[PDB]
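Below you'll find the structure, written out as structure tokens, and then a few comments.
FYI the Cβ positions are ideal-geometry reconstructions off the backbone, even for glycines, and counts take in every protein chain you see. Where a number appears in this text, it was derived from the coordinates with a stated rule and is not lab data.
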Amino acid sequence: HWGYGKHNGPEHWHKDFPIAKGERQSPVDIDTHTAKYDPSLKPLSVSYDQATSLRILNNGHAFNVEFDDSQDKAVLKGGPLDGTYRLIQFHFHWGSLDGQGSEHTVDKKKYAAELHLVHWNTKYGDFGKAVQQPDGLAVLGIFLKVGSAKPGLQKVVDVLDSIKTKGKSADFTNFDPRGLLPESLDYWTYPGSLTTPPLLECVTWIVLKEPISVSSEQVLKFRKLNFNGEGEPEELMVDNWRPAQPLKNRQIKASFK
Ligand SMILES: Cc1ccn(O)c(=S)c1
Ligand SMILES: [Zn+2]
């Protein structure tokens, strides 16, 4: 099945997911000089005060911190978006080395990791129905650079030992995802896709300009996770990112000058 190795990695995915070679694939490189300022963009509204985290799951490819999405409790709106998008999970993609790991790049620059906060458009009733729509998802993307520790990430880092292998999960209530955000909400935006199979072209990408800093030791702990299940030979969960895909017939807009 699909993964990030030599024989099942991003160069293979197109065989089971033909949309891998489609017209609005993610991630892309963000050419800062070509991304036009759009003064019609609104400020981003991130309303996470009432977020209810539930659980953290190692799904064999990343770990997802899941949220209660049965009511409007943590929502994204405004920016490029029409209407309301509810947070359902967040995860990360990261590298084996500090100099790679992000999916989006900025003038070809790779960050050490990238956080994806996944939201679905509440006009479509649930996540499953949202992913059958071209405007079904909004994914807020945040780069991580190695530097000082991010205090608000530490609870996530401390629980990883308990979900080392594929299929393990742990209670993860009362986590405040506001602690993962940078100061500025300046962003670039463009239409794309999930960066993992099924690679569906549902996503308004909103990619923050300001990275967050995490410590060396924080990202080190991400890299001790395993892709394999318990009882199977150890394959470290690192380099679970897809490289930049062709931009094709898309313009990236900037929210800021
Ligand atoms: C919903 C979903 C699941 C996995 N990934 O990587 C992304 S970007 C979005
Ligand atoms: Zn992702």
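Of everything in region 52-75, what is more than 20 Å from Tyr124 (Cα to Cα) and either among the small types (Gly, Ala, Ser) or without any contact (Cβ under 8 Å) to a residue 40 or more places away in the chain (or both)? Give them in sequence order.
Taking region 52-75 first, the residues more than 20 Å from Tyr124 (Cα to Cα) are 52-65.
Hits for region 52-75 are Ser53, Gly60, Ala62, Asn64.
State yes or no: is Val65 surrounded by 14 or more Cβ atoms within 10 Å (Cβ to Cβ), under 17 Å from the mean Cα position of the chain (by Cα), part of a strand (DSSP E or B) and away from ligand 1 (no atom under 16 Å from the Cβ)? Break it down into steps so the answer makes sense when it comes.
Values: surrounded by 14 or more Cβ atoms within 10 Å (Cβ to Cβ): yes; under 17 Å from the mean Cα position of the chain (by Cα): yes; part of a strand (DSSP E or B): yes; away from ligand 1 (no atom under 16 Å from the Cβ): no.
No; evaluated as a whole, the condition is false for this residue.
Of everything in region 173-205, what is touching a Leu at 6+ places or on another chain (Cβ under 9 Å) and within 19 Å of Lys109 (Cβ to Cβ)? Give them in sequence order.
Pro182, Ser184, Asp186, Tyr187, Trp188, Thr189, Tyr190, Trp205
Kindly provide the set of residues from region 188-212 that are crowded, with 17+ Cβ neighbours inside 10 Å and closer than 16 Å to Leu144 by Cβ, ordered by number.
Start the filter on region 188-212 by keeping residues that are crowded, with 17+ Cβ neighbours inside 10 Å, which leaves 188-197, 199-209, 211-212.
Within region 188-212, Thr195, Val207, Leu208, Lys209, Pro211, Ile212 meet the criteria.
Taking region 139-150 as the search range and keeping residues that are over 14 Å from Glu210 (Cα atoms) and among the hydrophobic types (A, V, I, L, M, F, W, C), which one is farthest from ligand 2 (Cβ to nearest atom)?
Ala149
Check whether at least one residue in region 87-108 is closer than 14 Å to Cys202 by Cα and within 15 Å of ligand 1 (Cβ to nearest atom), and report yes or no.
No, that holds for no residue.
Listed here are the residues, each with its yes/no results for (1) at positive phi; (2) of a type in the set (A, V, I, L, M); (3) within 16 Å of ligand 2 (Cβ to nearest atom).
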{"site": "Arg55", "(1), (2), (3)": "no, no, no"}
{"site": "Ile88", "(1), (2), (3)": "no, yes, yes"}
{"site": "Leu97", "(1), (2), (3)": "no, yes, no"}
{"site": "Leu137", "(1), (2), (3)": "no, yes, yes"}
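Please determine, by comparing only the residues of region 201-213 that are in contact with a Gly (Cβ under 8 Å, 6 or more places away or on another chain) and in a loop (DSSP other than H, G, I, E, B), which one is farthest from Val139 (Cα to Cα).
Among those that are in contact with a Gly (Cβ under 8 Å, 6 or more places away or on another chain) and in a loop (DSSP other than H, G, I, E, B), it is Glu201.
Please determine whether any residue of region 154-162 is surrounded by 15 or more Cβ atoms within 10 Å (Cβ to Cβ) and free of Cβ contacts under 8 Å to residues at least 40 places away in the same chain.
yes
Can you name the condition, by its number, that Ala20 falls short on among (1) closer than 20 Å to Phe143 by Cα; (2) of a type in the set (A, V, I, L, M, F, W, C); (3) part of a helix (DSSP H, G or I)?
In the conditions (1) closer than 20 Å to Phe143 by Cα; (2) of a type in the set (A, V, I, L, M, F, W, C); (3) part of a helix (DSSP H, G or I), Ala20 misses (1) alone.
Within region 15-28, is there a residue that is in contact with a helix residue (DSSP H, G or I) (Cβ under 6 Å, 6 or more places away or on another chain) and under 21 Å from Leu194 (Cα atoms)?
Within region 15-28, the first condition is being in contact with a helix residue (DSSP H, G or I) (Cβ under 6 Å, 6 or more places away or on another chain), and the residues that meet it are 20-21.
Those left that are additionally under 21 Å from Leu194 (Cα atoms): 20-21.
Yes, region 15-28 has at least one match.
What about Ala51, is it buried (at least 17 other Cβ atoms within 10 Å of the Cβ), within 16 Å of ligand 1 (Cβ to nearest atom) and of a type in the set (A, V, I, L, M, F, W, C)?
Details: buried (at least 17 other Cβ atoms within 10 Å of the Cβ): yes; within 16 Å of ligand 1 (Cβ to nearest atom): no; of a type in the set (A, V, I, L, M, F, W, C): yes.
When the stated conditions are applied, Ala51 does not pass them.
State which residue is surrounded by the most Cβ atoms within 10 Å (Cβ to Cβ) when the search covers only region 1-48 and only residues that are among the polar types (S, T, N, Q), out of contact with any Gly (no Cβ under 7 Å at 6 or more places or on another chain) and free of Cβ contacts under 8 Å to residues at least 40 places away in the same chain. Steps first, answer last, please.
First pass over region 1-48, keeping only residues among the polar types (S, T, N, Q): 8, 25-26, 32, 34, 40, 45, 47.
Still in the list and also out of contact with any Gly (no Cβ under 7 Å at 6 or more places or on another chain): 8, 32, 34, 40, 47.
Subsequent filtering for residues that are free of Cβ contacts under 8 Å to residues at least 40 places away in the same chain retains 8, 40, 47.
Details: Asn8: 14, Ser40: 7, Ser47: 16.
Across region 1-48, the extreme among qualifying residues is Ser47.
If a residue has to be more than 14 Å from ligand 2 (Cβ to nearest atom), within 15 Å of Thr195 (Cβ to Cβ) and in contact with a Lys or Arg (Cβ under 9 Å, 6 or more places away or on another chain) to count, how many in region 99-135 make the cut?
1
Since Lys73 meets every condition but one in (1) over 30 Å from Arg223 (Cα atoms); (2) among the charged types (D, E, K, R); (3) surrounded by fewer than 15 Cβ atoms within 10 Å (Cβ to Cβ), which condition does it not meet?
Result: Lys73 fails condition (3) only.
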